[PDB]
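In what follows, a single structure is set out as structure tokens and then discussed.
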Amino acid sequence: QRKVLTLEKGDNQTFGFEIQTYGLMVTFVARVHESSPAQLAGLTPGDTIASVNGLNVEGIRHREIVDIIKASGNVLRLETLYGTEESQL
Amino acid sequence: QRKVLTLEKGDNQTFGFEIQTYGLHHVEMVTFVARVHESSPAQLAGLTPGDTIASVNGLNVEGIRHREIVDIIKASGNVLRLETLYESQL
């Protein structure tokens with residue numbers, strides 16, 4: 001049971017988050033900046049992205065998944081499986 | 001890909017790095033190397049951030065949780081041996 005959400009960004013600004021892909025390939029949100037688009041949007045560290053704009057990303061190569069995200073322009077659509085960053089409270 | 005590295009440091013000092021552990025889904029735990037302080041054994045050893053710590057002193061730390069990695073590192077004293085796996089803003 002995932003949780004979808006869409007991010008709105010300014011033209012010259014960025015969504016404000018970073019991500020990390022990892023083999024065993026899987027990618028999650030490693031960090032979110034304050035007052036960022038992703039923060040407001042409610043993106044959380046530890047959270048896995050199952051698919052961007054339908055396009056299921058579960059597996060893809062970093063560089064590859066990166067493009068799609070960047071290529072999405074100033075509006076992004078995400079469905080995520082909750083994750084957690086241990087230092088977080 | 002496993003990049004081995006070994007650090008040594010003294011009583012009243014620290015290896016110089018910080019870690020982050022994520023509990024993921026597809027719960028899988030994963031530990032990365034966060035900050036790596038300047039003038040630190042970790043630096044000299046060439047450890048680099050973003051790396052996935054897969055092995056600590058010969059024990060496998062994947063799937064293991066933060067405080068366990070943290071305990072295993074504390075158990076060996078002034079010497080530490082890591083095996084790391086050889087990140088983009090949006």
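A short reminder: the numbers here are calculations on the coordinates, not readings from a lab. All Cβ positions, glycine included, derive from the backbone under ideal geometry; neighbour counts span all protein chains shown.
With the requirement that a residue be within 11 Å of chain B (Cβ to nearest Cβ), more than 18 Å from B:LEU24 (Cβ to Cβ) and surrounded by 14 or more Cβ atoms within 10 Å (Cβ to Cβ), what does region A:30-83 give you?
Selection gives A:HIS33, A:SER36, A:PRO37, A:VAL66, A:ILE68, A:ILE69, A:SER72, A:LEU76.
Would you confirm whether any residue within region A:25-35 is closer than 15 Å to B:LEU90 by Cα and acidic (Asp, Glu)?
Taking region A:25-35 as the starting set, the residues that turn out to be closer than 15 Å to B:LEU90 by Cα are A:27-35.
Applying the additional criterion that residues be acidic (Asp, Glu) yields A:34.
The answer is yes; a qualifying residue exists.
(1) loosely packed, with under 15 Cβ neighbours inside 10 Å; (2) in contact with a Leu (Cβ under 7 Å, 6 or more places away or on another chain); (3) within 9 Å of chain B (Cβ to nearest Cβ): which one isn't true of A:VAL4, the others all being true?
Unmet for A:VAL4, out of (1) loosely packed, with under 15 Cβ neighbours inside 10 Å; (2) in contact with a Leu (Cβ under 7 Å, 6 or more places away or on another chain); (3) within 9 Å of chain B (Cβ to nearest Cβ): (3).
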